[PDB]
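Descriptive structure summary
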Amino acid sequence: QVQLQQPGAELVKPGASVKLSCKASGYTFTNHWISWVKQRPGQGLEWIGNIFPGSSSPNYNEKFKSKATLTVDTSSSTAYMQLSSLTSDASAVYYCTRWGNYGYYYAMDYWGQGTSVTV
Amino acid sequence: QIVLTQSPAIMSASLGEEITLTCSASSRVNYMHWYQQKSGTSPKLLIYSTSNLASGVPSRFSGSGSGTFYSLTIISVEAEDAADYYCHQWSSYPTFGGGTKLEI
Amino acid sequence: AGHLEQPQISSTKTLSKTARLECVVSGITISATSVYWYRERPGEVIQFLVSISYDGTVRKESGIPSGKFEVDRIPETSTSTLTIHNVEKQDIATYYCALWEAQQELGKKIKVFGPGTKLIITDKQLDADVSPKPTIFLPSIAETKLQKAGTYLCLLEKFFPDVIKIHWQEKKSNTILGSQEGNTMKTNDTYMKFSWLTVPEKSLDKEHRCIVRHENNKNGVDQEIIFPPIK
Amino acid sequence: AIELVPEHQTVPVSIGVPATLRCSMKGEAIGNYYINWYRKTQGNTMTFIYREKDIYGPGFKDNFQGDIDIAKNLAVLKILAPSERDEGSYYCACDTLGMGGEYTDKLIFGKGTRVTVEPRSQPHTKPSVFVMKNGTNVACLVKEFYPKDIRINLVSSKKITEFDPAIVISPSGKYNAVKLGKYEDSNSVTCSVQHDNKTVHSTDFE
Ligand SMILES: *[C@@H]1O[C@H](CO)[C@@H](O)[C@H](O)[C@H]1NC(C)=O
Ligand SMILES: *[C@@H]1O[C@H](CO)[C@@H](O)[C@H](O)[C@H]1NC(C)=O
C-alpha cells in the first residue's frame with residue numbers, strides 16, 4: 001500500500017509556467033526513483049524525466065530538456081515539476097511514478113492519478 | 001535507444017477466447033513491463049519484469065517473451081478487461097509502446 | 001601479492017576462427033592453487049567458465065559444451081592460456097582470469113581478478129593502417145609561463161577495436177599520472193580519441209610521453225610519442 | 001540456482017555524504033555463504049573491495065565498509081566518502097564455500113550498479129579559454145569552469161567535421177573541457193567560447 005498524491009487539474013494562460021507537485025507516502029522516499037510521464041488524448045506515452053531523491057542534475061528527455069525542470073524535497077517528501085515556455089499543444093496529463101528496484105527492475109509500479117493541464 | 005512498436009493499433013477480441021498482446025522492439029531488451037490503462041484511469045502495473053505477476057492482479061494475466069519479441073496473454077477475457085495496454089522497458093531511460101486497445 | 005596481467009586489452013579475430021587469450025601471474029608461481037576463468041557477455045552477469053588445478057582436472061559448469069575453450073597452464077612461465085574454438089556472436093564477451101591467494105593470516109583468501117580482455121568479433125577486417133595515428137599538441141604561447149602549469153593533448157585516430165588504453169607517465173618515474181580524457185566518437189570508418197594531462201611546476205621540467213595501449217599497434221608493443229619538455 | 005540481484009541498476013551519489021549499496025540474496029541463506037565486493041572504476045579493471053570477514057583490499061578499509069544482515073537476507077556495502085575515484089560500477093560476488101563433495105569454490109556474481117558521482121555546490125567561476133593548435137588541427141582549452149551549461153562555436157569555422165566537446169570533472173571540482181576541430185583551410189585562427197552570460201574570447205586574453 002503506497003500512495004502517490006497528485007493534484008486534480010490546472011488551467012493556466014499561454015506563455016505562463018506551471019508547477020506540478022507529487023507527494024509520496026508509505027514507502028521510504030530515499031530509495032526509489034521518481035519519473036514524470038506525459039499523456040495526451042489520442043497519444044503515445046512520453047517520458048519527460050526522472051530524479052533520484054537527494055540528487056542534482058536529473059536526467060531529462062531530449063524533447064523536454066529546455067521546458068522541464070524536476071526537483072525533489074526529502075523533508076517535504078514531495079517531487080516537483082516545473083514547465084515553462086508552454087505552447088498550445090502542451091496540454092496533456094502528467095503522471096508521477098515510483099520505480100521498483102530490487103526485482104521489479106525499474107518498473108513504474110505505483111502511479112499518480114495525474115493532472116490534466118490545458119491552456 | 002530501443003523503439004517499441006505495438007501492432008495492431010486497435011485489435012478486436014471476442015469475449016471468452018484467450019488472446020495474446022504483442023510488443024516488438026528494434027533491439028534486444030532484457031526485461032519488459034506491461035501496463036493496463038482503463039477508460040479514464042491512470043495506468044496500472046499488471047506484469048512486471050517479463051512475466052512476473054504484480055500484486056493485486058488476477059492470476060489469469062500472464063506474459064511471455066524473450067530476446068526481442070515479447071507478448072502478454074490473458075487466459076479469460078471478461079467485460080472488465082476493456083482498457084489500453086502499453087509495454088515499457090528500461091535501457092538507461094524509459095521507452096513506452098504505442099498502445100493497443102482491447103474491446104469486448 | 002602477485003597481480004594478474006593480460007597483455008592484450010582487446011582481441012579482434014575473424015568469425016568462426018580460433019582465438020587465444022592469455023594472462024600471466026606476476027612474480028608468483030601458481031603452485032598449488034588453481035586458476036579460474038570468467039566471462040561477461042554484454043548486458044549479462046559474469047559467470048564462471050573453466051578452472052584448472054594442480055592435479056590437472058579441468059572443471060566446468062552447466063552448459064559449456066565439451067571441446068570448447070580448452071584451458072592450459074604453463075608452470076615454466078607461470079602463464080595460463082585459454083583458447084576459444086569457433087568464436088561466434090554469442091562468444092563475443094569479456095574474459096577475466098582469477099586465482100585465490102592465501103593471506104598471511106590463516107584461513108583467509110582473496111580472489112584477485114585480471115584486467116580483462118574484451119574479446120571482439122567483427123566482419124572481415126582490413127589491416128590498412130588500423131594503428132592509432134597520433135598528433136602532438138604543443139602548449140600555446142603565454143600559457144604555462146603565466147599559469148605555472150602545463151597542458152598537453154595526445155590526439156589519436158584510426159584504430160578499429162572499440163577499447164583503447166591511454167595513460168601518462170614521466171620518463172624517469174614508473175608511476176602513472178592522473179590524466180583526463182574524452183570518450184571516443186564514431187567517425188567515417190574507425191574511432192578517434194584525445195587525452196589531456198596537467199603537470200605541476202615540479203613535473204614541468206621533465207620530458208613527457210603519451211603511452212597508448214592497443215591490440216593493433218605496430219610490432220605488438222605500446223606506441224610512444226614524445227612531448228618536448230617545458231623546461 | 002543461486003541469484004544475486006542488486007538493488008539499483010544505477011544510483012547517483014554526491015561527494016561527502018555516505019551511501020549504501022545492497023545486493024539481494026534470492027537463495028538458500030545469506031549467513032552460510034561468504035560475500036565479496038568488487039569495483040570497476042577503469043574500463044575493465046576489476047578491483048577487490050571486501051571479502052566477507054574483515055579483510056579489505058589495498059586502501060579500502062578506510063573508505064568503504066561492509067556488513068551482512070540476516071533478517072532481511074541482504075548484503076550491505078557502505079561508502080563513507082564518495083569521490084571521483086569512487087565513481088564506478090560495483091559488483092556483488094557470492095562465495096559458495098564448497099559442498100561435501102564440491103571444492104571448485106567458484107564465484108556467483110550479480111549485475112553491476114553504475115554509481116555515478118556529482119560534485120558538491122561551489123560558486124561559479126570563469127573559464128580561461130586557451131586556444132592551442134598544431135597544423136590544421138586546433139583545440140581550444142576552456143579550463144576552470146564550474147557550471148555545466150556551455151555554448152560553443154569556432155570563428156571562421158570551415159571544417160568538414162565538427163567534434164563534440166568532452167566535459168570532465170577536475171579534482172578541484174571545476175569542470176574541464178576541450179573542443180577540437182580540423183580545418184581544411186585557414187588553420188591559423190582562434191577559438192571563442194560563450195559561458196554563463198555573454199561571450200568569452202581567447203583573443204585579448206592571450
Ligand atoms: C566519411 O564519410 C563522410 C560522409 O560521407 C565524409 O564527410 C568524410 O569526409 C568521410 N571521411 C573520410 C573520407 O576520411
Ligand atoms: C544577461 O543576459 C541577458 C539575456 O539573457 C541580457 O539581456 C543581459 O544584458 C545580460 N547581462 C549583461 C550584464 O550583459
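Residues numbered from 1 in each chain as written, not as in the entry; some residues may be left out. Chains lettered and ligands numbered in written order. Heavy atoms only, no water.

Per the deposition metadata, cryo-EM was the technique used to determine this entry, at a resolution of 3.21 Å.

**Things to note about the pairing of strand β3 (residues 19-25) of chain C**
All names here are of chain C. Side chains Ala19, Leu21, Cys23 and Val25 project from β3 onto a buried face, and the interleaved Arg20, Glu22 and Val24 project onto a face without burial. Taken together, the two bridges between strand β1 (residues 4-5) and β3 define a ladder with antiparallel strand orientation. Each residue of the ladder has a partner; that of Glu5, found in β3, is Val24. Here β3 pairs with strand β8 (residues 79-84) via six bridges, running antiparallel. Bridge pairing in β8 places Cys23 opposite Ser80. (Buried < 20%, exposed > 50% of the residue type's maximum accessible area, 1.4 Å probe, protein only. Helix = DSSP H or I, 4+ residues; strand = E, 2+ residues; numbered from the N terminus. Pairing = 2+ DSSP bridges.)

**Quick word on the side chain of C:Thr83**
Residue and element names in this part refer to chain C. Mapped onto the elements of the fold, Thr83 is located in strand β8. Within the structure, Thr83 has its side chain in polar contact with the backbone oxygen of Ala19 (distance 3.2 Å). Aside from chain neighbours lying at most four places away, what touches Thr83 is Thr18, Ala19, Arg20, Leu21, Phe69 and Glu70. (Polar contact = N/O pair within 3.5 Å; in protein donor to acceptor, adjacent residues only side chain to side chain. Contact = heavy atoms within 4.5 Å.)

**Focus on the interface of chain C and chain D**
Of the residues lining the interface, 39 residues belong to chain C; the matching set on chain D comes to 36 residues. Of the roughly 3400 Å² buried where chain C meets chain D, counting both sides, 64% is carbon and sulfur surface. Its largest share of buried area at the contact with chain D, chain C owes to C:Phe137, C:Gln180 and C:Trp196, together 15% of the area lost on that side. Applying the counting criterion to the chain C and chain D interface returns three salt bridges. With its nearest N and O atoms 3.6 Å apart, the salt bridge here joins D:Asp105 to C:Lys109. For the pair chain C and chain D, the number of links is nine residue pairs in polar contact. Within the residue set of the side of chain C that touches chain D, elements represented by two or more residues are β4 (35-40), β9 (94-102), β10 (109-113), β12 (135-137), β14 (153-159), β16 (180-181) and β18 (191-196) of chain C. (Buried area = accessible area lost by both parts, 1.4 Å probe. Salt bridge = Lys/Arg side-chain N within 4 Å of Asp/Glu carboxyl O.)

**Considerations on the state of the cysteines**
All names here are of chain B. Overall, the coordinates contain six disulfides over all chains when judged by the stated rule. Here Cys23 connects covalently by a disulfide to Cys87, the sulfurs 2.0 Å from one another. On the sign convention where negative means left-handed, the S-S torsion of about 60° between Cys23 and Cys87 marks this disulfide as right-handed. Linking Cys23 in strand β3 (residues 19-25) with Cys87 in strand β9 (residues 83-90), this pair joins segments that are 64 residues apart in sequence. Neither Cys23 nor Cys87 differs from the other in exposure class; each is buried. (Disulfide = S-S within 2.5 Å.)

**Some thoughts on the pattern of salt bridges**
Applying the stated criterion across every chain yields a total of 17 salt bridges over all chains. In this structure, A:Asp109 engages A:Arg98 in a salt bridge whose closest nitrogen and oxygen atoms are separated by 2.7 Å. Of the two residues, A:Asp109 sits in strand β9 (residues 107-111) while A:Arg98 sits in strand β8 (residues 92-100), which places them eleven residues apart along the sequence. Each member of the pair, A:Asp109 together with A:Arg98, is buried. The network of salt bridges with common partners includes B:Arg60, B:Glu78 and B:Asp81.

**Focus on the domain arrangement of chain D**
You can read the domains of chain D as domain 1 (3-118) and domain 2 (133-201). Using only C-alpha atoms to locate each centre, domain 1 of chain D and domain 2 of chain D end up separated by 40 Å. (Domains from an automatic or database assignment.)

**What about the nonpolar core?**
Generally speaking, nonpolar side chains in soluble globular proteins are found buried as a group. Membership of the largest hydrophobic core comes to 64 residues, with the highest contact counts inside it found for B:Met32, B:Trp34 and D:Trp37. In terms of nonpolar packing, the next biggest core, distinct from the first, is built from 41 residues, C:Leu4, C:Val25, C:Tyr36 and D:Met46 among them. (Core = buried A, V, L, I, M, F, W, Y, C linked by side-chain atoms within 4.5 Å.)

**Here we look at the domain arrangement of chain C**
All names here are of chain C. On domain assignment, one finds that chain C holds domain 1 (4-122) and domain 2 (135-227). Spacing between the C-alpha centres of domain 1 and domain 2 amounts to 31 Å. Approximately 640 Å² of surface area, both sides summed, lies buried where domain 1 meets domain 2, with 69% of it carried by carbon and sulfur atoms. A per-residue breakdown of the area domain 1 buries against domain 2 is headed by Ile9, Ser10 and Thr12, which together make up 63% of the total. Inspection of the region where domain 1 meets domain 2 yields zero salt bridges. Mapped by element, the contributors of at least two residues to the side of domain 1 that touches domain 2 are β2 (11-14) and β11 (119-122). A class-by-class count of the residues in the side of domain 1 that touches domain 2 yields two nonpolar, five polar and one charged. (Nonpolar A, V, L, I, M, F, W, Y, C, P; charged D, E, K, R; others polar.)

**So, unusual backbone geometry**
Cis geometry marks the peptide bond from B:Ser7 to B:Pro8; its omega dihedral reads 0°. Among the secondary structure elements, B:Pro8 is positioned in the loop between β1 (4-5) and β2 (10-12). You will see that B:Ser49, though not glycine, has its phi angle at about 55°, which is positive. Considering the arrangement of structural elements, one finds B:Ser49 in the loop between β5 (44-48) and β6 (52-53). Using a relative accessible area of 3% as the deciding quantity, one classes B:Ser49 as buried. Backbone geometry places C:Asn86, a non-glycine residue, at a positive phi of 60°. Residue C:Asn86 is classed as partly exposed on the basis of its relative accessible area, which comes to 43%.

**Comments concerning the environment of D:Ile35**
Residues and elements named next belong to chain D. With respect to the element layout, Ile35 can be found in strand β4 (residues 34-40). As a C-alpha pair, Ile35 and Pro127 span 92 residues in sequence and 46 Å in three-dimensional space. Residues in contact with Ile35, not counting those within four places in the same chain, are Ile30, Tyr50, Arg51, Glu52, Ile68, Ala75, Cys92 and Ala93.

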